[PDB]
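Colleague: Pasting the sequence and an experimental structure:
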Amino acid sequence: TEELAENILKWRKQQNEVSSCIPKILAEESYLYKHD
Amino acid sequence: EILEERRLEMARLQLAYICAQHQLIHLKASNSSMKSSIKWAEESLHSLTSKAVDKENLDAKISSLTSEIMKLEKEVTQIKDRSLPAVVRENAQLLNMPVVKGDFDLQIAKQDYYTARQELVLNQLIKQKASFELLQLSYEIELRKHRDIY
Amino acid sequence: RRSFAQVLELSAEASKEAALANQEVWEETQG
Amino acid sequence: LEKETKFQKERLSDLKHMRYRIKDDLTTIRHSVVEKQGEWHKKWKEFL
Amino acid sequence: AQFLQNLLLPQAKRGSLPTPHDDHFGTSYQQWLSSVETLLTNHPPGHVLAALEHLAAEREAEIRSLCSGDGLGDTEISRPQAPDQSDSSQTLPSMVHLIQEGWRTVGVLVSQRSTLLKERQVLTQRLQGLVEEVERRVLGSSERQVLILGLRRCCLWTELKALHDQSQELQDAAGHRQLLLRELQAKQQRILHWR
């Protein structure tokens, strides 16, 4: 029970940090595509 | 408040789904484009060592490539303004039927039971009316027999 | 039993938040 | 026996604590979700 | 009972034209009269009363058997279901749980997009180095113009093909959505006709 507790909270924090890190990756890719 | 929250929850599912598939569409189209760019750059870098284009042929292929670029660009422009977003908006607005099919099926599974049991009650009343009509008809036949023997 | 109930509810809400963040970032970068 | 009883009472205390803190995380996540959807709905209502 | 059922056959529920069953008013009545003639001639009214009491008890016990449906376990009494309704009682997810599974699908899409970031950023450098190698080779201005035009053409044709593929895939999704919607509206008219 508490094992699945830290499991679920680590998945939620992991996806949250991914959602917050998508901006920089997309900005870098878009500026690389927009630059010849 | 709970029904308003759940209707809002469905509307927020549509809110996300308005762009959620559109992101995948744009990402896959861009990825196909840059794979094709990689393959064309590779193929042409290999071909220019072997095949040399004449200057008149260079200008002729410039005209041919550009004339196909204008058609490809207008056909791509046709599929980025009111064709993709309307389709994904329709798909978002058609996110209701998982709820509606279950909500209809529960009540229909109850309604077949209602129809069967109410028809059973109707047939019970029909059988009772049949028995009462039989008994009254027997009484009338007895009365006719009494009058005829009289 | 109620713990599984709020685990599923928070899973739905966290995936909802991930969808919102991704949608917002796509509108930020792509436009 | 009294040792097991003290561990299960500490256990249920920890369970109620984790229930309350994941409830607080639910409230924070829902608040962020509500704000983001308000912003998106206003922006795309102006857009469309 | 057939006579009264023809009397109480619902006229609006009849899909065909309504049938005025005056032949059932007459011929079934004559057959009933013959049967009642045999019944009264062969039998006394006293055991007619006894058998009618027995059949009234039969009908009462027939209702009592359905009234006795509380023999099941009295734990969270809800969902009055059809007699032996187990196989068709699929666990349809509720108002929240369908949206839970939908958000699971969108989270899978989010993970797919996160992998798409790594894939796109890794394979971007291949095109970047390819165009840099185009710039590096000793080629004329017209040759590089043909190279740029062909690179853009190879972008646009396959991008247009992918746009068609994704648009038709989501239109097929909307078509499946409407194929589910037709059942919804048909069931709605079924409920209205039930009312």
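Modeller: Looks like it arrived, so ask away. Numbers count the residues shown, from 1 in each chain, chains lettered A, B, ... in the order given.
Colleague: CA atoms for contacts and neighbours, from now on please.
Modeller: OK.
Colleague: Can you point out the buried residues in stretch B:91-101?
Modeller: By 16 or more other CA atoms under 10 Å in any protein chain shown, the buried positions in stretch B:91-101 come out as B:91-99, B:101.
Colleague: Would you mind naming what in chain C lies close to chain D?
Modeller: C:3, C:10, C:13-14, C:16-17, C:20-21, C:24 (CA under 8 Å from any CA of the partner chain).
Colleague: Sitting in helices, which of the buried residues of stretch B:91-101 do you find?
Modeller: Judged by DSSP state H, the buried residues of stretch B:91-101 include B:91-93, B:97-99, B:101 as members of helices.
Colleague: contacts with chain B among the residues of chain C next to chain D, please.
Modeller: Answer for those near chain B (CA under 8 Å from any CA): C:16, C:20.
Colleague: Give the buried subset of the residues of chain C next to chain D as a ChimeraX selection command.
Modeller: To isolate the buried members of the residues of chain C next to chain D in ChimeraX, using 16+ other CA under 10 Å:
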select /C:10,13,14,16,17,20,21,24
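Colleague: for residue B:57, helix, strand, or coil?
Modeller: helix (DSSP: H, G, I helix; E, B strand; the rest coil).
Colleague: residue contacts, the residue of chain C found nearest chain D?
Modeller: The nearest approach of chain C to chain D comes at residue C:17, 5.6 Å away (CA to the nearest CA). Contacts for residue C:17 (CA atoms under 8 Å, 6 or more residues apart in numbering or on different chains) come out as D:29, D:32-33.
Colleague: which of the residues you listed tops the neighbour count?
Modeller: Within the contacts of residue C:17, neighbour counts (other CA atoms under 10 Å in any protein chain shown) peak at residue D:33, which reaches 21 neighbours.
Colleague: Please report how far that one lies from chain B.
Modeller: Remark: distance between residue D:33 and chain B (CA to the nearest CA, to the nearest Å) = 10 Å.
Colleague: Next: residue A:6.
Modeller: For residue A:6, the distance to chain B equals 27 Å [CA to the nearest CA].
Colleague: Count the neighbours of that residue for me.
Modeller: For residue A:6, the tally of surrounding residues (other CA under 10 Å) stands at 11.
Colleague: Where does it sit, in terms of helix or strand?
Modeller: Residue A:6 is part of helix A:2-33 when elements are defined by DSSP states H and E.
Colleague: So for that helix, what gets flagged as buried?
Modeller: In helix A:2-33, counting by 16+ other CA under 10 Å, buried: A:12, A:15-16, A:18-19, A:22-23, A:25-27, A:29.
Colleague: In this structure residue E:28 contacts residue E:4, no?
Modeller: No - Residue E:28 is not in contact with residue E:4 according to CA atoms under 8 Å; the separation is 10.9 Å.
Colleague: tell me the centre residue of chain B?
Modeller: For chain B, the residue nearest the mean C-alpha position is residue B:94 (5.9 Å; CA atoms, centre = their mean).
Colleague: what phi and what psi does the backbone show at it?
Modeller: phi -100, psi 40 (degrees, to the nearest 10).
Colleague: Now do the same contact list for it.
Modeller: Here residue B:94 is in contact with E:174, E:177-178 (criterion: CA under 8 Å, 6+ apart).
Colleague: switch to 6 Å and redo it
Modeller: By CA atoms under 6 Å, 6 or more residues apart in numbering or on different chains, residue B:94 lies in contact with nothing.
Colleague: Likewise for residue E:152?
Modeller: Contacts of residue E:152 (CA under 6 Å, 6+ apart): none.
Colleague: Many thanks, we can stop here.
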